[PDB]
Structure formats: C-alpha cells, structure tokens
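This document contains two forms of one protein chain, each encoded as structure tokens and listed individually as structure 1 and structure 2.
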Structure 1
C-alpha cells in the first residue's frame, strides 16, 4: 500500500536471530519497531523468572509502541524472536514527525493497539471465567488463527509444545498434557508430539 512504503523508507531495518531478545522490561523506550519478516513472542515474567506469553506478533505488526505517548516510559514486556526476524527501527522522536506530515500512519498503529486491547481483554476474561480446559480449547482456536499455522483437511495444523501452551494459559506442562489427551479422546484434536491438529 501507499504510506507504509514511505514509512519503512525512514526506518533503519535490522536483523535478529531467532530466540534473541528485541526488547527488555524496565528498559527506557525511544524506539518503535516494525516487523517486516518473522515473528516474535511478547512475554512477561514473575519475580522467580517464570514466564507467561502475552501474545504473538507476526509480520506487518508494530513493536514497542507503548512508550510512545508519555515521557519516561519503560518497556512493559520482553519481546523475543521466535523465528529469524527482519525488523525496521525508528526513534520515537522521528516517528512522531512522520505523523505530522501524514497522520494516516498513526491510524494504522492505533488500529493495532485497539485490536491488542480487545484480545488482551478477552484474555483476562478467560483467565477468570474459564478453567484450564476452557482456556486451552480457546488458545488452541487462537493458534489456528496464526499465520504460521498450516492447513489440514481435518482442519488446521499447528506446531507447538505442551510446555509453551502452559506458558500461554498459565498452568503446568502436566496439566496441559493431561488435558491434551482428554481432547484427543473426543476426536476434537489430533496430537502427536510437537504437532497439534485442531479438527475444525
């Protein structure tokens, strides 16, 4: 499209190898990122180092957008590379300028912020309203919504570990394992290792 080609123009693209950290919590922020290629995982930790995945951000998604509206803001989370990422970087000071001339670019940003809020909100609900099974069924549907989600005649096909699912719903790897089978025993999903198939 128009504007987005112009934006990237003034961005300083960089490379990040999968599993490398792109953003640190507590970090002072002055940089707005943009994922041109690759995918990351937005995540937070408890005082024990334990970690929860807040979301996954793929291509065309903005990163570290939060510290852009107030002075002295710190990164609210970590943002790790899941695959090899190709991300465009630009300072807050500069980005704010790209808006002056064409506020259509902030409209793209705001729209994405809006969406995240809906999902993060829906997430808080699941957390209080559903049990691990409910939370797991839900997260499975969400994983089938991801771009790196392949296809299967039985439905959609994803690749992820019981370990990782637990960091998403906030339960144990055991609990996930117990429940995963329980779902397979009702032909709703086809589990076999690090691969899950959601019959849909």
Structure 2
C-alpha cells in the first residue's frame, strides 16, 4: 500500500541479528520500530531474572509504541530478535509529525495496540483459567498452524525448546517435559529433541 512506504521512506532501516536485543526494558523511550522483516519476542522478567514471553511480533508489526503517548515513558518490556531482523526506526518526534499530515498511520498503529490488548487479555484468561497441560497444548496448536511450521505426513512439525515453551505458558522447563511426555503417551504428539510433531 502507498501510505506504508511514505512512512517507511521516513525511517532509518536497521538490521539486528538473532538473539540480539532491540529494546531495553525501562530505558527512556523515544523511538518507534516497525518490523520490515524477521521476528522478535517481547518479554518481561522477574527479580530472579526468569523470563516470560508476552508475545511474538513479525513483518508488519510496530514496536516501541506504548511509550509514545506521554512524556518520560519508559520501555515496558525487552524486545529480543527471534530471527535476523530488518526494522524501520523513526523518532517519536518525527513520527508524531507524519500523523498530523496523515492520520491513517496513527490509526494503523492503534489497530495493532487494539489487537494486542485482545491477545494479552486472552492470555490473562488462559493463565487464570487453564492448567499447564491445557496451556502447553494450545501453544502447540498455534505454533503448529503457523507459516513457519513444517509439513509432515502425520501432521505439522515445529521446532522449539522446552525452555522457551515454559516461558510462553509460564511454567518450569522440567514441567514442560513431563507434560510433553504425557502428551506423547496420549499419542497427541511425537517429540524428539527440539522437534515436535503435532499430529493431524
């Protein structure tokens, strides 16, 4: 679409390599990111330093927006690159202007925040409402049904560690494994190493 590239045309593009960190939690916020390609993980931590993945984001997504509507906003979470990334960046100040000349961009952003509020709210329910098994199961279905999931005679195949699965559903790595083994004993999946086949 036009408008997207007018905005882009006003951003510095940057690349980050997998595992690097685009946004530092609690730092002062003055920039807005747009992921042109690649994948990132928004994550929060606890005192011990244990992590909690609040969400993933991909091509198309805006990052670093929450601290865009009030002076002295600090970053709410850390943003790490899931994969190699190309991210458009633009100053808050600069961006603000674009809006004035074009209120569509601001609308498009807000839609994304709107969508996010739903997922996070949904995720709040999930924890309050489902057990780890239940949560883990759901996570395997979503992943398994994504663009990156792979094809497999018996269903769809995903690749991920029991560590990162635990930081998505909010449980310990040991608990993921005990449950992954139970899900296999129930013939729902087959898991070898980081590879897991969700049957279908």
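Note that the rigid core is defined as the largest set of C-alphas that superpose within 1.5 Å between two forms. Numbering follows the first chain given and starts at 1.
Engineer: Are residue 16 and residue 77 assigned to a single rigid part between structures 1 and 2?
Structural biologist: Taking the motion between structures 1 and 2 as two rigid parts, residue 77 shares its part with residue 16.
Engineer: With the larger rigid part held fixed, what angle does the smaller part turn through between structures 1 and 2, rounded to the nearest degree?
Structural biologist: Here the smaller part turns by 12 degrees.
Engineer: Quote the shift of the Cα of residue 177 between structures 1 and 2 to one decimal place in Å, the two forms being superposed on the rigid core.
Structural biologist: Its C-alpha shift, to one decimal, is 1.2 Å.
Engineer: Aligning on the rigid core, what is the distance the CA of residue 94 moves between structures 1 and 2, in angstrom?
Structural biologist: Displacement of the C-alpha, rigid core superposed: 0.5 Å.
Engineer: Look at the Cα of residue 145 between structures 1 and 2 with the rigid core superposed and state its shift in Å.
Structural biologist: Here the C-alpha difference is 4.8 Å.
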